[PDB]
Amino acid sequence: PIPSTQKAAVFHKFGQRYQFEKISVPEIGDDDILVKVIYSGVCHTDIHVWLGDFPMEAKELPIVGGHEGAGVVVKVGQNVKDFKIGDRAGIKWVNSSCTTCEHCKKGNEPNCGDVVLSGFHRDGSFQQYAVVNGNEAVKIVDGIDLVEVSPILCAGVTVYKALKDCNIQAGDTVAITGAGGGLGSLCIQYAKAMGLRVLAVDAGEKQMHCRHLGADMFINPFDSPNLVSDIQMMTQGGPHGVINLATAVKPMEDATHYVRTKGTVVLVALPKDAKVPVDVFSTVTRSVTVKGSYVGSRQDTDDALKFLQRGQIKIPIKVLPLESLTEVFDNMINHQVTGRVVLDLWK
């Protein structure tokens, strides 16, 4: 028996308290799916949704956050055909779409005007039971633990989509800015899974961490005077691709500076008040392409999922209770993002 009440984390207003409180269990729409989310991931966007910094409008309306959730389908709608009860499903950033849009008929559904967003426009994965469109829902393979898939739902798909947006060939050099973070570690693992020579740029103790994951090179801004020259000496002309994972505005310009001739620099993050200038003369002469990578489509999601399923990508995670999620948000204000943290909805 589907329950009638659940535990969720709800903030009524921007900046307001997250509440571990009892709320009604959602009942699914005709095209939706009801998922007992057992584990949910926390990316930093949830703090930006809470702050309201994005020009977009959060539902507020007592919103439950979350865009990365793994669970089991417990109820299906009337017009849902391909899903069966007991299947594993994922709540992604793209909750639903119009599906007959210019952007929706293309391969990129999240850029539709009538997009429904988990944790922004719709109640997200921080609750025990969540509703998601069956068409945009994730097919998670049985025989892998949902705890490990939860970070893949946003971080794995995004970093994989960025590497694919680089249009890089096997053997080329890819540079990962901010490679010591969780997103960066996943970028390193995915790039090695695509047969790419990996160069890693970040400040601090990450020199050991990247090699822990297999990264072929690491560079420290703390010790290295000019990143451009050092990178271009280690890559013999610049990296064929650059992934700007750090949101600091200076690594973006450095990436644009040290990228190889005909190289591709992709922005991945969604930061505020950050701009990347570049000399038109050098952009034309080197024919570099600055590409923006948004959230991936279902096909990219399925690829990224298969990478973890086959064992190419493994991200260590710290499991925390839904009650303790409040503390987690505090860490995000202080930039204490700890690897990848996943929440057990039961606790």
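Start at 1 and count along the sequence shown; that's the residue number.
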| property | result |
| --- | --- |
| Per the entry, higher mean C-alpha B factor between 105 to 113 and 153 to 161 | 105 to 113 |
| Comparing 280 to 288 with 36 to 44, the one whose average Cα B-factor in the PDB entry is higher | 36 to 44 |
| Largest Cα B-factor, entry values, listed residues 242, 72, 217, 191 | 217 |
| Which of 265, 186, 76, 89 ranks first by CA B-factor in the deposited coordinates | 76 |
| CA B-factor placement of residue 271, once the chain's modelled residues are sorted into thirds | highest |
| Position of residue 27 among the chain's modelled residues by C-alpha B-factor, lowest, middle or highest third | highest |
| Where the record places residue 300 (Cα B-factor, split into thirds across the chain) | middle |
| Chain thirds of CA B-factor: placement of residue 169 | lowest |
| Chain-wide C-alpha B factor ranking for residue 8, given as lowest, middle or highest third | lowest |
